[PDB]
Amino acid sequence: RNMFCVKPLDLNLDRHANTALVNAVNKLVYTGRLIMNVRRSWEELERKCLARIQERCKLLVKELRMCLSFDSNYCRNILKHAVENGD
Amino acid sequence: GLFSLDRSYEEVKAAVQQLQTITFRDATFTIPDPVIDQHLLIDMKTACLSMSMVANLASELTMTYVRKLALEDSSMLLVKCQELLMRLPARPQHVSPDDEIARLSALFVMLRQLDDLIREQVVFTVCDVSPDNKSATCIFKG
């Protein structure tokens, strides 16, 4: 739900029960799950934003193409750039 | 000799007068002139070094074995052994047969070294003896 400022945990893991190797691998798998989830969520938001902005730009340039004028053509030449890479 | 250290003169005298005696097969004997000397001090130094080494090399499981067994076993041997020791379930803290076997082999060597202090050279192995106990047939070794 919120990528930017997630917090870690200690799982309230016990030491009396269970084998210690499973304790270590459980801590590790929690850490891996957290990092994978946060990175994947950031990537998903980036993908959705890029798709939406590309579609909006395409629709806008198609609409404005009909009004052939200097300022409008300048706007078109601005908008014609691709944005597949974030920079 | 070990007791002579860390003890006062009269405590040493009482302990010496006790240790001077021995009982063996319905017979008894007394040790002549067991005075503490630098020859025995060499033995004390090497024995205490070996004893501290066997103390350090001992693993967690070896140390905890006796205390764990006292929880639910009971016998005269066990009660005597526990009475000799000081007085103050759970999964074992660490399990590692390879490291454990290496440690216990090193402790085995150290125990051998500590034991050799008191073992004499085994000169004779004996066979059947005349019933009067005077003479016997033996094999010479060492």
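Per the deposited record, determination of this structure is attributed to cryo-EM, with the resolution reported as 3.50 Å.

A. View of the pairing of strand β3 (residues 124-129) of chain B. Residues and elements named next belong to chain B. For β3, the buried fraction is low: zero of the six residues fall into the buried class. Pairing analysis gives four bridges linking β3 to strand β4 (residues 136-140), with the strands arranged antiparallel. Note that in β4 the partner of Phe124 across the bridge is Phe140. Here β3 folds back onto β4 in antiparallel fashion, the turn holding six residues, of which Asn133 has a positive phi close to 70°.

B. Quick peek at unusual backbone geometry. Residue and element names in this part refer to chain A. With phi around 65°, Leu11 is a residue other than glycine that occupies positive phi space. Topologically, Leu11 is positioned in the segment before α1 (20-64). A positive phi angle is found at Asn18, which is not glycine, with a value near 70°. As for its placement among the helices and strands, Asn18 is situated in the segment before α1. For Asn18, a relative accessible area of 38% puts it in the partly exposed group.

Thresholds, definitions, all that
- Residues numbered from 1 in each chain as written, not as in the entry; some residues may be left out.
- Chains lettered and ligands numbered in written order.
- Part of a larger assembly, values for the part shown.
- Heavy atoms only, no water.
- Buried < 20%, exposed > 50% of the residue type's maximum accessible area, 1.4 Å probe, protein only.
- Helix = DSSP H or I, 4+ residues; strand = E, 2+ residues; numbered from the N terminus.
- Pairing = 2+ DSSP bridges.

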